[PDB]
Amino acid sequence: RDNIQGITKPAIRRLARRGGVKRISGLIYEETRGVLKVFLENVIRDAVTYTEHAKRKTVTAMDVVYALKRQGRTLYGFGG
Amino acid sequence: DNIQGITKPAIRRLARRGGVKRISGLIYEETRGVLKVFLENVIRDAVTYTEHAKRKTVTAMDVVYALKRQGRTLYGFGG
Amino acid sequence: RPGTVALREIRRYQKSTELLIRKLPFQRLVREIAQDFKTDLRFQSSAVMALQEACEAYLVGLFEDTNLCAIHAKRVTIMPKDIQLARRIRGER
Amino acid sequence: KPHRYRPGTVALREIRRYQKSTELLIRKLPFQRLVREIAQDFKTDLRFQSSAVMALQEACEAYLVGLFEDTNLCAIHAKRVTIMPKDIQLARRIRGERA
Amino acid sequence: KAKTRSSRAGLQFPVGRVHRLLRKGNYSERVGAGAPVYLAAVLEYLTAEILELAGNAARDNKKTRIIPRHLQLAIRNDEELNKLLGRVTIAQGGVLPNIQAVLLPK
Amino acid sequence: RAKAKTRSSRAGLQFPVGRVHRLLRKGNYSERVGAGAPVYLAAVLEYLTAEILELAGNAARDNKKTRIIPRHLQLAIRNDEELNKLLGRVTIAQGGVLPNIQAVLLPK
Amino acid sequence: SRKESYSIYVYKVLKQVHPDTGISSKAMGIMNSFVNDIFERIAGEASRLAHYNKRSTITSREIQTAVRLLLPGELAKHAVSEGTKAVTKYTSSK
Amino acid sequence: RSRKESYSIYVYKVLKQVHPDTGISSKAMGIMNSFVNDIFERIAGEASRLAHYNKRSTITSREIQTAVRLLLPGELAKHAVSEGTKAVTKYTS
Amino acid sequence: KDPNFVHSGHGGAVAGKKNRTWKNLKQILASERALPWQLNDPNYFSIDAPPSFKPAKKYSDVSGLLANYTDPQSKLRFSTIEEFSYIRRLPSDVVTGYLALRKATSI
Amino acid sequence: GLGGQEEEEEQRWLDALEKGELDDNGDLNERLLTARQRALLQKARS
Amino acid sequence: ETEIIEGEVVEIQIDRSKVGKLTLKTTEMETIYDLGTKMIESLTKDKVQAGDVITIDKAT
């Protein structure tokens, strides 16, 4: 329905504070949410194309790991 | 020592293709460093392909394979 | 005082190891973004954890690059224009 | 026709003419000579193909043009219309190319 | 009598050469006959579509002989060529015209 | 023929020369995988394994604990300018980030 | 020896696209290198996909998947339309 | 049935050599298995290119010596080449 | 004028793709090794001196004095503390020079 | 020679520069679109 | 007159007779030395390791 707003204002505060930023102007939130959603969209679309090719309904940890290799933004520890 | 032969005018021209309105005088000497270190990447990779081929001559393919490995592929040389 | 507890907050999340986004909101967001690629998908419990680890990492790196943009412009305060600069010069879009 | 100009009025003509044309901005011999330096510290007495040295210049200038566009946008963001070496560093770091 | 795989699939591009390039390229010990048909058709689609832009760019820019500048104009005017090629480079194609906004004087 | 032994033990390696040869020869990286390749590759993997484990063990001991956890691996690789090239665009599950500040942030 | 390449097919496509038009040897060098780069890109991703599935056979489905993984957006759809049309002709023509 | 085929034994045999007092967590075993697996794919992938870039049919120590020299950074490249030559030297007698 | 006007074609490369001169000395030796030599015959290569039976004394690179030492970095060899203070200041241009000057591992 | 047309093109490009009436790239027909670009223009019109 | 080596051992390497190689550092120079058999059977015997400071009576 409307789930992009579920990335909460404190969660943005914390994630940006792990990233070390000092002052968050309140303008930041919706562009950060949209950017995140587009990165998810690319990874998910790729994972769905692997899953559709594999004749399979369930998206596995391997499909997201292969999408992260296809995008050159890899992630160790989930297998492979 | 031949990197100083890359000219301040050529660096203005090369920056002006990038659309910059104004330069500062430190850019010319720092750009020579950036060019030298970029060569000191792509040449050493190309030489490594050249050595694997047992060659004395650095070919178009030797530099194309280096530029492809560096993810900056150049179309119009090799194939 | 303000900006001082905002700075003291950095060292806690840079030392601590846990995920910062809420699992269920993220889980629904992945499924939402998937709906117009396909209906009726099943997601393995490990896959959405991997997607969250990738997304929090992507944002942490983008926030460092955002901090670089702001501090280069002599600001301790970040702005959406820092994200527009970063997402251009990254070569992404 | 006029004299001294409004500053940048010929710089706009430089951008136009160097973007409309496609020739390389460094002359060949300075680069032809330079290519026979960088290799020597890792392997002596290499011989360079006439195609390879040109592909190296095409790559080097294409690499610098993209770096200058990123540097330009860094300067414009940082209020300036004048580029400075710290804009080259910001562009490199956010590209992930050194540091 | 024989029939070419290219004309049997309806392409100009060489289906049997793509088959041999898959077969000798070690991409597998087994290659399906439809794979090089599809791959030749996609290479042909990409080639036809970029050349249709490039010949129009040449004709618009008061020329007719296709040269690397017209290929750079084909690649950078269309966002799906621009994302597919991205960080790859064109020999003497230059950069697409861009005297930057704000620096363009008031 | 009496008492077989691993090609790893003949090379002086822990890493599995048989497995590496099997993976090279079924991965279709070549039509002819000469046995020097998997020995050399097993040794390369074993060296990189030793280097990255030793840095992680130092990071774990410096963090006062006797176990490698992904946090101690992230605090090894982001503290090495060589491995931060080799792993320079890989993400670590449970690793977090390196503690870091631009000096312009700090008060008074 | 024999420059194993794509130039005559690229030229035959140009003459199918714009019969009046002609093309420099440098632009043909770009076309050959681009074609061979996209070939290695697709065939590489198809071989990865085959290993991920534990398949040997490089089927039409593998190439299609590698194509829609590598091509963006509507360009993926229209290239997929051309590839599926070409296979539809081939499988009908025997 | 399927089997996990992991490098877990060998990374542990190496840890117990470099830090005899120290152990591996199950998630760090995952990171180590990922690192070995990815570097194997990176090196063998470049070795398959390096064979066809000379149109040789085999892969041998020289293809992988070249792939190590290309893929690895500074000191690690000369160290990995030293280890590969040492292991092949012992293996060939 | 001169002792001849009609110099014969002795067997240089008169019109071949190869270089104009005769076979170089290595190629003369490679072909001379095909002749029906007996074990005792004065072959031009059999006159080569032995490889040295002594280990060869270490002489320092920058000064020629007897070298007790070799540098872990530059692999130059040296005799005294002030020669190390010089060798670490040399540009790599001449470090690779001095190694090649005694045909060491430098290529 | 006919380079006088390119000099007048530069004069037209200067008239727009003096007015300040140029695109964000500094630059000065649907029949030019491929079938994919017609589908993308349909997607822009929907 | 006596031949004494002294320095921090920087690095020490041994392999199978035996062959090996030692390095030393003072505040003012560094060296790499190939070792003869009767040094190998002394540096190993006395468990010398990188970062030790050692004095060697060279004659013995």
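Definitions and cut-offs
Residues numbered from 1 in each chain as written, not as in the entry; some residues may be left out. Chains lettered and ligands numbered in written order. Part of a larger assembly, values for the part shown. Heavy atoms only, no water. Residues with missing side-chain atoms left out of burial classes, pairs and counts. Helix = DSSP H or I, 4+ residues; strand = E, 2+ residues; numbered from the N terminus. Rg over C-alpha atoms; globule rule 2.2 N^0.38 Å. Buried < 20%, exposed > 50% of the residue type's maximum accessible area, 1.4 Å probe, protein only. Contact = heavy atoms within 4.5 Å. Areas by Shrake-Rupley, 256 points an atom, 1.4 Å probe, with all protein chains shown as cover. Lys, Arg positive; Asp, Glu negative; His and termini not counted. Charge placed at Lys NZ, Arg CZ, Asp CG, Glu CD. Salt bridge = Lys/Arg side-chain N within 4 Å of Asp/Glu carboxyl O. Polar contact = N/O pair within 3.5 Å; in protein donor to acceptor, adjacent residues only side chain to side chain. Core = buried A, V, L, I, M, F, W, Y, C linked by side-chain atoms within 4.5 Å. Patch = residues over 30% accessible without salt bridge, like charges linked within 9 Å, V, L, I, M, F, W, Y side chains within 5 Å. Expected span 1.5 Å × (residues − 1). Pairing = 2+ DSSP bridges. Axes fitted to C-alpha atoms, helices over the stretch in contact; angles between N-to-C directions. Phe/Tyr/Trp six-rings, centres within 6.5 Å; stacked < 30°, edge-to-face > 60°. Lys NZ or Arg CZ within 6 Å of the ring centre and 35° of its normal.

Here we look at the overall build of chain H
Looking only at helices and strands, one finds 4 helices and 2 strands in chain H. Order of helices (α) and strands (β) in chain H, N terminus to C terminus: α-β-α-β-α-α. By the compact-globule yardstick of 12 Å for 93 residues, chain H is too spread out, its C-alpha radius of gyration being 16 Å. Counting only C-alpha atoms, chain H reaches 45 × 35 × 30 Å along its principal axes. For chain H, with 93 residues in total, the buried portion stands at 53%. If you take every contact in chain H between residues at least 6 apart in sequence, the share linking residues at least 24 apart comes to 29%. By element, 47% of the accessible surface of chain H is carried by carbon and sulfur atoms, the whole surface being about 4,600 Å². Across chain H, the centroid of the 15 positively charged side chains sits 4 Å from that of the 8 negatively charged ones.

Description of the interface of chain F and chain H
If you look at the interface, chain F gives 54 residues, while chain H gives 56 residues. Across the contact surface, chain F and chain H share 2 salt bridges. Residue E5 of chain H pairs with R22 of chain F through a salt bridge whose shortest N-O separation is 2.7 Å. Remark: the boundary between chain F and chain H carries 17 residue pairs in polar contact. Looking at the side of chain F that touches chain H, the elements with two or more residues in it are helix 1 (7-11), helix 2 (17-26), strand 1 (32-33), helix 3 (36-62), strand 2 (67-68), helix 4 (70-77) and helix 5 (83-86) of chain F.

Observations regarding the nonpolar core
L40 of chain A together with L24 of chain F are the most contacted members of the largest nonpolar core, which totals 176 residues. Ranked by residues supplied to this core, first place goes to helix 3 of chain F with 16 residues. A74 of chain E together with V13, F39 and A66 of chain G belong to the second largest nonpolar core, which has 64 residues in total.

Side note on the environment of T21 of chain I
Mapped onto the elements of the fold, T21 of chain I is located in the segment before helix 1 (25-32). As a C-alpha pair, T21 of chain I and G11 of chain I span 10 residues in sequence and 8.4 Å in three-dimensional space.

Some words on the side chain of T21 of chain G
Looking at the element boundaries, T21 of chain G is found in the loop between helix 1 (7-17) and strand 1 (22-23). For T21 of chain G, the side chain forms a polar contact with the side chain of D20 of chain G, separated by 2.7 Å. In this view, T21 of chain G contacts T64 and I66 of chain E together with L14 and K15 of chain G; residues no more than four positions away in its chain are not counted.

Brief notes about a positive patch on the surface
A contiguous patch of positive charge, built from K3, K5 and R10 of chain F, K90 of chain H together with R16 of chain K, is present on the exposed surface. With respect to the element layout, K3 of chain F can be found in the segment before helix 1.

Here's the deal with helix 1 (residues 4-19) of chain J
Between its terminal C-alpha atoms helix 1 of chain J stretches 22 Å, which fits the 22 Å expected from 16 residues at 1.5 Å a residue. Among the structural elements, helix 1 (11-20) of chain D are those in contact with the buried residues of helix 1 of chain J. Where helix 1 of chain J ends, the next residue or the one after it, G20 of chain J, has phi of about 80°, a positive value.

Considering the sheet that holds strand 4 (residues 53-57) of chain K
Residue and element names in this part refer to chain K. Across the sheet, which stays open at both edges, the 4 strands sit in the order 3-2-1-4 with antiparallel pairing between neighbours. Both edges of this open sheet fall to strand 3 (30-35) and strand 4, since each of them pairs with a single strand only. Taking each pair of neighbouring strands and ignoring which way they run, the sheet shows an average axis angle of 45°. Pairing geometry for strand 2 (residues 19-25) and strand 3, over 6 bridges, is antiparallel. Within the sheet, the bridge partner assigned to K21 lies in strand 3 and is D34.

Considerations on the pairing of strand 1 (residues 4-15) of chain K
Residue and element names in this part refer to chain K. Judged from the 5 bridges that link them, strand 1 and strand 4 form a sheet pairing that is antiparallel. Paired with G7 across the strands is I54, a residue of strand 4. Strand direction decides the pairing type here: strand 1 and strand 2, joined by 7 bridges, are antiparallel. Residue pairing across strands places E8 opposite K25, the latter belonging to strand 2.

Comments concerning the pattern of salt bridges
Evaluation of the coordinates by the stated rule reveals 55 salt bridges over all chains. Residues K38 of chain C and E52 of chain A are paired through a salt bridge, measuring 2.8 Å at the closest nitrogen-oxygen approach. Remark: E52 of chain A occurs in helix 2 (residues 28-53) and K38 of chain C occurs in the loop between helix 2 (23-34) and strand 1 (42-43); the pair is interchain, linking two chains. For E30 of chain K, the salt bridge goes to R88 of chain I, with nearest N and O atoms at 2.7 Å. Placement of the pair is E30 of chain K in strand 3 and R88 of chain I in the loop between helix 2 (81-87) and helix 3 (92-101), with the two residues belonging to separate chains. Judged by its relative accessible area of 22%, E30 of chain K is partly exposed. A single salt-bridge network, built from bridges that share partners, covers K68 of chain B, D37, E40 and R41 of chain G together with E46 and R49 of chain H.

So, the packing of aromatic side chains
Inspection of the entire model under this criterion finds 17 aromatic pairs over all chains. Ring geometry for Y49 of chain B versus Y53 of chain H: centroids 5.9 Å apart, planes at 55°, classification tilted. One end of the pair, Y49 of chain B, is in helix 2 (residues 27-52); the other, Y53 of chain H, is in the loop between helix 2 (26-52) and strand 2 (58-59), on a second chain. You'll find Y49 of chain B and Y53 of chain H in the same group, each marked buried. Among the aromatic residues, those joined into a cluster by ring pairs are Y50 and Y66 of chain A together with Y52 of chain G. One cation-aromatic arrangement involves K27 of chain H over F78 of chain A; the distance from NZ or CZ to the ring centre is 5.6 Å. The ring centre of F45 of chain I lies 4.1 Å from the NZ or CZ of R33 of chain I, which sits over that ring.

Interpretation in functional terms is not warranted from these geometric data alone.
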